[PDB]
Amino acid sequence: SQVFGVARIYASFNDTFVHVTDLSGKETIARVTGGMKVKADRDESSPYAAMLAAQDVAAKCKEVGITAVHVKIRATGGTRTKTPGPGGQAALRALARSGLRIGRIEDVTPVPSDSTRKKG
Amino acid sequence: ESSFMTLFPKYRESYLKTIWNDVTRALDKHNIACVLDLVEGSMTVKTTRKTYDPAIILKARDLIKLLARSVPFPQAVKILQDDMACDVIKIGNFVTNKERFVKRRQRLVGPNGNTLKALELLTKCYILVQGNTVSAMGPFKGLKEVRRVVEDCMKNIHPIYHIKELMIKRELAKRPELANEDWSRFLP
Amino acid sequence: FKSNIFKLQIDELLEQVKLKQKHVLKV
Amino acid sequence: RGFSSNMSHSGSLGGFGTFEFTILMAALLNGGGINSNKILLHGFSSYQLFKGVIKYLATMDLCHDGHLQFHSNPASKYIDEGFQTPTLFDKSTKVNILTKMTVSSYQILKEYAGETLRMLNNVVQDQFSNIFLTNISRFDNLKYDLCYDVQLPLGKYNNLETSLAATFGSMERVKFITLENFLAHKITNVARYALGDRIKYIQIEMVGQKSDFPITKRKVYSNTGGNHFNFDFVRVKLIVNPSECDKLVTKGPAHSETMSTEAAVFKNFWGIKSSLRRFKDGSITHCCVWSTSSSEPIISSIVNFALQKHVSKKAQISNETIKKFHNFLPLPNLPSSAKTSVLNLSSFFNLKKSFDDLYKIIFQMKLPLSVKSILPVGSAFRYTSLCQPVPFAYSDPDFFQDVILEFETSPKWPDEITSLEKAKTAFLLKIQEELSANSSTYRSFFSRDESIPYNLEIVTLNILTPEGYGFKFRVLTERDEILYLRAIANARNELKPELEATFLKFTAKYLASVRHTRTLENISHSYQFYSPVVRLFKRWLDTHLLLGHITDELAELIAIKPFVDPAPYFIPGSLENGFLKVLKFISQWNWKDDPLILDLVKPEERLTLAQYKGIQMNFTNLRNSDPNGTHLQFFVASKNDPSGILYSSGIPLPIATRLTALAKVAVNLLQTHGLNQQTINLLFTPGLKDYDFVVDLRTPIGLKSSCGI
Amino acid sequence: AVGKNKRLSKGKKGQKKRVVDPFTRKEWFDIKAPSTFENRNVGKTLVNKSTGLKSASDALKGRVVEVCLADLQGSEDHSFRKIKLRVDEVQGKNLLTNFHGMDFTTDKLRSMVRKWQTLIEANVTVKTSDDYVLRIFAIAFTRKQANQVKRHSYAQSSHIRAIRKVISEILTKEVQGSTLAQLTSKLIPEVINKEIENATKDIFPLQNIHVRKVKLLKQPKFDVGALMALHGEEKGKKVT
Amino acid sequence: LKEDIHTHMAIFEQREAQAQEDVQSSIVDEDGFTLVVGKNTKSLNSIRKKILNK
RNA sequence: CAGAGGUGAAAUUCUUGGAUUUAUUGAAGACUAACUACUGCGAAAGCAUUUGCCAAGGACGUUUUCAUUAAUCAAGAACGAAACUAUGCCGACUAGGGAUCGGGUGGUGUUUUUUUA
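In short, a report on the structure.

Calculation notes
- Residues numbered from 1 in each chain as written, not as in the entry; some residues may be left out.
- Chains lettered and ligands numbered in written order.
- Part of a larger assembly, values for the part shown.
- Heavy atoms only, no water.
- Helix = DSSP H or I, 4+ residues; strand = E, 2+ residues; numbered from the N terminus.
- Buried < 20%, exposed > 50% of the residue type's maximum accessible area, 1.4 Å probe, protein only.
- Contact = heavy atoms within 4.5 Å.
- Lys, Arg positive; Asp, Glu negative; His and termini not counted.
- Charge placed at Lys NZ, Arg CZ, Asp CG, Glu CD.
- Buried area = accessible area lost by both parts, 1.4 Å probe.
- Salt bridge = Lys/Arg side-chain N within 4 Å of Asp/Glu carboxyl O.
- Polar contact = N/O pair within 3.5 Å; in protein donor to acceptor, adjacent residues only side chain to side chain.
- Pairing = 2+ DSSP bridges.
- Right-handed = clockwise from strand over helix to strand, strands pointing away.
- Near = heavy atom within 4 Å.
- Nonpolar A, V, L, I, M, F, W, Y, C, P; charged D, E, K, R; others polar.
- Patch = residues over 30% accessible without salt bridge, like charges linked within 9 Å, V, L, I, M, F, W, Y side chains within 5 Å.
- Areas by Shrake-Rupley, 256 points an atom, 1.4 Å probe, with all protein chains shown as cover.

1. With respect to the overall build of chain B
Step number 1: Across its full length, chain B holds seven helices and six strands.
Step number 2: Seen in sequence order, chain B has helices and strands lined up from the N terminus as β-α-β-β-α-α-β-α-α-β-β-α-α.
Step number 3: When its C-alpha atoms are laid out on the principal axes, chain B stretches across 55 × 45 × 25 Å.
Step number 4: Out of the 188 residues belonging to chain B, those deemed buried represent 45%.
Step number 5: Sequence separation of at least 24 residues holds for 57% of the intrachain contacts in chain B that already meet a minimum separation of 6.
Step number 6: In chain B, which carries 33 positive and 21 negative side-chain charges, the distance between the mean positions of the two groups comes to 4 Å.

Next comes the structure, spelled out in structure tokens:
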């Protein structure tokens, strides 16, 4: 019935990557960005920008045949911050409004086991 | 039907038993079921079959996380709001000397909490300094500023320097004649 | 070890297969 | 091995013997490096020289990749261009040595070089007599895996043009001077291009080749074989790849706009049998589809078609030996059983599917002790059942396949063996109640197990699942080994060996059986032909009336010995070759001196030096305690069982000597008489002699349909 | 950054043309989980083309999928696990996947970890009967009894080392007894958790006992016969 | 089967409970000697059997 | 497939030889998060993944043994970018109270389990 693909939503404090892949994780279907949807460079991380990005990705997804999504949301991780972005919340909400069946939500941000700093 | 849970200790168990009617009031105004289990010590947010906001189930997860890590309830529902985020900053893995680490985080709090309170007032966040970490709750610009200030203070920059810089930047952005100049001629 | 066992075994096969000087002189 | 220095291009085997070996080892003493290094030295012993020369013939190609060059009267050099012929060349005399060797002879020499290099690098066992003291070339059905008798009623030298489909003209005489050479090379190329990948190697023997004629004759004059030529018939022998032994379609090249040269030879090679089929994914390639049959293989079908097309219209094709073998294997009473191949496992997998449905149900039932494991341990679960499992066929003795049902660990077991078995019976009673209350389509009842002596309360659960299958659940816990060791401790010095036999029966039923099952299923998947070989061997033992006193796991071990260790023969690629290899081994086995040590593995976890020597020390201790073998005859051991008694215990020395005598009588029969339908019929006739009395009995109802045949 | 104000780098000096439509040239394959599970058919996958069937077979035999056991088993009590699957065999718009690894999920690990108790990790690399090489990570969290009045229930170092000995022995015995498929059918109904709890009930009471993560290390040589046997040969339509 | 299982389990439980109490019922000898049993043992037969094994 | 990074906004930089991103791997130099304290150890500086090897140490338990062998220390010896709102009467010292870390004794039942650990 439903064709399932994943959406990797990497939502830093500066940008918002919406990136739908198929199940296998290798063949990317549609990738846009708030930075390539917004005009003002200072607003490359806004909910408006992410909403435009999710609209483009949803158009291409229903074009090729995908209908339902496992969403995986991601922060910067590592030694920097560990909180997703405004683009993350807005992209997920915009996808669900645009009408892809949101299949399964998961938080996958790389938390380091033992981080890399100097203990001065 | 996505779920999330987190665990608490018992002093929070008494407080949460007092406030759990308002937690479920807010979450059922947002259509999110929630249970509280006192023989295990667990708070759980489940989606219903009438919910329509994946952002709100993520926000409810952060709600119960804050409530377990001991912020009050009005702060908790301010995280349930729209344009707010929580961040935890680790200050453990910076210094080796225990005396120096204690002195530096006490410097981060300040006398009478003055420097912490002025950081809160200038960044519009809510900051809590718990042992080896720091929990700050507020808008994303405030969280960026607070992560920068706390990391430099656990390095050797004084938050009094950072608070003066924040005041100067506040008045500079308040006068809108300089939307291109670098302001480093003004900063200390 | 392989040297010892294979040497003794090839000695057995060669004394088994060896011909005779009487046959050599006759032919 | 069977080679010689004779000519092989006349449809013969050899081309490599004493003279070729001497010239080759002299060249290798001269050198043989890629940059003309020396491979063999003057101070080397014969072991070192032999290991070196066989390492060279194993590693280096001399027919299709490269060639060797030397000077006799300065150094040798391998060069990297194959000349499609054996090429060791001397430029001081400008000779090629091995032109008597054909391509098939060189291929078989390569495989033998690889086998003996493996046996040289084998450090565990003693491979010496294994290499040097077993002439395998006696029986062609034991040397090669498929034999084919084809008769060629040719006629006369001028009748060639009518009696052949090829043409033996002037330049054909120039290239292939003798008619035997030309026809032999024609059969090799035709059969090789016809089979393709269904064979590892090929061999064409010309039966009736007399290389001797008197002085008063001009040449070897004869009239045998329907013509005036020096052969009786052609024996086509094939060394077969067992995995691609039964691929249904014979795939060719794809389809472009232009007819390619390869597809052109395909079309002119297959004629009517060729086609152009669109496959399931959508490829458009040429393929000639056949049909499978139980009684005869597609190799026989395709070589019949190829020889009757591109050789002559008069030749006769036969392998009634393997035809009758596939007939002697039983055929289950199922739809499409006749056209079903012999490597099909669909009945076994249907049994496994029904078992998995029942497995889920009983796993998600609710008990006071939650279930820990459920292990199928049945002969059908290891593909060694004799009759293939037919639905609702409830008269075959292997209808109820054993499963082990093991619960979690619990400290509240009883500590008294009868009450322990009664508690297991209580668990099975609750299981049966829940099944009959929840999943009523299943049926069930309760039986006993008297195979374990003095433990008389073992109750098993018979379950009939509505796809027509039966499983007797028996329960294994964490206390059985403890209670049996305690009983054998507290028993007095007279009754200790009786409880030894009791505990050994318990182990072979409950514990090592699971290890046995999983090991044999895995290595059967790696060795397909093991399941028809063990089915035929069990049939042979049952008709010779030894199965009632020899257990099925010992039958499976003694059946799988040649598949595990086929040295110095080949891996079996036919039911015929496998079963006769088993018979030859069990005939040549001297169990009074020789123990059976196996390493049940996939082809190249093996038993290393310490484990091997420890098992041999166990064997020699058993033989010091029993030199004559009045108490044990077969010392079989593997990695799952280094004991050596566990499966062959309690075996009558009359029965063991009768088995060895039957194998010896069988191999002497095949030595004196040629292998054919009457010999194999005499092999399968029961003995009924040497017995002091026989009792012939009949049942009121014939049981063939109910047994599922 | 579409707007005009940003400057002109090397960048968009000359860009190629959109004349391709790879989603017109691509291809929908279907995959098939092993017989160990219950909901076998799981989604589809895209391959670039087929004019190199070399390329189709290459990409498909390369791929590595991963799913959640909730979708693979119909069970929200198995919802917290994720299973990786490896595509080894391909035949006719139908892939035959194979078991590759296993993870817990990050929110499950954070949900388990508490404050006034002790966390135990233990891993072991072992070898199955199929000569697969495997590495198993298990964890276990201690608990107070129904009677305890001390607010923290800490293990001692000797208790932790003894429980690690027991856990390592149990995992080694279980996997070295099992094959890979039997190990999947043990990991699905979570048997080793109850086994470890019943074996370490005597030393210290533990509460959260899981097998957190399984990793494959080295496969054997490929065997299409065994794989097709685990799952459970075709003639065309004669175009002319 | 049900009747046999139930009656055998009842009589076995009675015998086992009685033997357990008899072991852990402070077996004091005639000359003032007590006997050293442990926690979780339930068979004086098994005590004699451990002594016989050693 | 055309931006990515970064900032209050920028800028330097990397990017049609595909940067950022997605997936399977491989190597390298560090580090040892959550558990993590009402703590533990070491003379101090300091010390957190597993498992061994080597030697050391405290307290406890002792109807063991040596029988004043000790304490305190000037000299000598061993070990070894920062600071920035902290500040507590002390002592040759009386009763204690809740905690907790390590050892031992007794009572007492739950959790445990039973001739094999």
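The structure having been displayed, the exposition proceeds.
2. Looking at the interface of chain E and chain D
Step number 1: Counting residues at the interface gives 30 residues for chain E, matched by 28 residues for chain D.
Step number 2: For the chain E and chain D pair, buried surface summed over both sides reaches about 2,600 Å², with 56% attributable to carbon and sulfur atoms.
Step number 3: Area buried by chain E at its contact with chain D is led by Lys 235, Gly 236 and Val 239 of chain E, which between them contribute 18% of it.
Step number 4: Run the count over chain E and chain D and you get one salt bridge.
Step number 5: At the junction of chain E and chain D, the tally comes to six residue pairs in polar contact.
Step number 6: Of all the secondary structure elements, the ones that give two or more residues to the side of chain E that touches chain D are α5 (157-177), α6 (180-187), α7 (191-199) and α8 (224-231) of chain E.

3. Section: the pattern of salt bridges
Step number 1: Using the criterion set out here, one finds 46 salt bridges over all chains in the structure.
Step number 2: Put simply, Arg 81 of chain E and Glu 190 of chain E hold a salt bridge, and the shortest N to O gap is 3.4 Å. Of this pair, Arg 81 of chain E sits in strand β4 (residues 81-90) while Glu 190 of chain E sits in the loop between α6 and α7, placing them 109 residues apart in sequence.
Step number 3: Among the residues examined, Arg 81 of chain E registers a relative accessible area of 4% and is labelled buried.
Step number 4: Each of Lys 26 and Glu 27 of chain A together with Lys 26 and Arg 63 of chain E takes part in salt bridges that share partners, so that together they form one network.

4. So, the pairing of strand β4 (residues 68-74) of chain A
Residue and element names in this part refer to chain A.
Step number 1: Of all seven residues in β4, six are buried, a share of seventy percent or more.
Step number 2: Across six bridges, the pairing between β4 and strand β5 (residues 101-107) is parallel. Across the sheet, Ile 73 pairs through a bridge with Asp 107, a residue of β5.
Step number 3: In this region the chain leaves β4, passes through helix α2 (residues 86-98) and returns to the parallel neighbour β5; the handedness of that crossover is right-handed.

5. Looking at the pairing of strand β10 (residues 284-287) of chain D
Residue and element names in this part refer to chain D.
Step number 1: Pairing of strand β8 (residues 251-254) with β10, which is carried by two bridges, proceeds in the antiparallel orientation. Residue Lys 251 lies in a different strand from β10, and its bridge partner there is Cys 287.
Step number 2: With three bridges connecting them, strand β9 (residues 276-278) and β10 associate as antiparallel partners. Pairing of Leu 276 across the sheet is with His 286, part of β10.

6. Points about the protein's contact with RNA strand G
Step number 1: The full set close to RNA strand G counts 83 residues, and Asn 14 and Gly 25 of chain A, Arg 7 and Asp 202 of chain E together with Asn 40 of chain F are the nearest of them.
Step number 2: Each atom of RNA strand G within 4 Å of the protein was assigned to sugar, phosphate or base; sugar and phosphate come to 62%.
Step number 3: Here a phosphate oxygen of RNA strand G sits 2.8 Å away from a polar atom, N or O, in the side chain of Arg 104 of chain B.
Step number 4: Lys 144 of chain B places a side-chain nitrogen or oxygen 2.7 Å from a phosphate oxygen of RNA strand G.
Step number 5: Secondary structure elements with two or more residues in the surface near RNA strand G: β2 (16-21) and β3 (28-33) of chain A, α4 (98-109) and α6 (140-154) of chain B, α14 (480-490) of chain D, β6 (119-127) and α5 of chain E together with α2 (44-53) of chain F.
Step number 6: Looking at the surface near RNA strand G element by element, the count peaks at four residues for α4 of chain B.
Step number 7: Residue composition of the surface near RNA strand G, by class: 15 nonpolar, 25 polar and 43 charged.

7. Details of the arrangement of the chains
Step number 1: Ranked by contact count, the leading pair among the six pairs of chains in contact consists of chains D and E.
Step number 2: Nothing in chain A touches chain D, and the closest approach of their C-alpha atoms is 20 Å.
Step number 3: No part of chain E reaches chain F; the closest C-alpha pair between them is 13 Å apart.

8. A short note on the interface of chain E and chain A
Step number 1: With 21 residues of chain E at the interface, the matching set in chain A holds 22 residues.
Step number 2: Across the interface of chain E and chain A, roughly 1,800 Å² is buried in total on both sides, 56% from carbon and sulfur atoms.
Step number 3: Looking at the side of chain E facing chain A, the largest losses of area belong to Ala 1, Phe 23 and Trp 28 of chain E, adding up to 27% of the total buried there.
Step number 4: Summed over the shared surface of chain E and chain A, the result is five salt bridges.
Step number 5: Here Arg 63 of chain E ties to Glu 27 of chain A by a salt bridge, and the two come within 2.4 Å at their closest N and O atoms.
Step number 6: The interface formed by chain E and chain A contains eight residue pairs in polar contact.
Step number 7: Broken down by secondary-structure element, the contributors of at least two residues to the side of chain E that touches chain A are β2 (41-47), β3 (64-68) and α4 (106-112) of chain E.

9. Observations regarding a negative patch on the surface
Step number 1: Negative charge collects at one region of the surface, where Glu 1 of chain B together with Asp 71, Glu 76 and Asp 77 of chain E lie side by side.
Step number 2: Residue classification places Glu 76 of chain E among the exposed residues on the basis of a relative accessible area of 57%.

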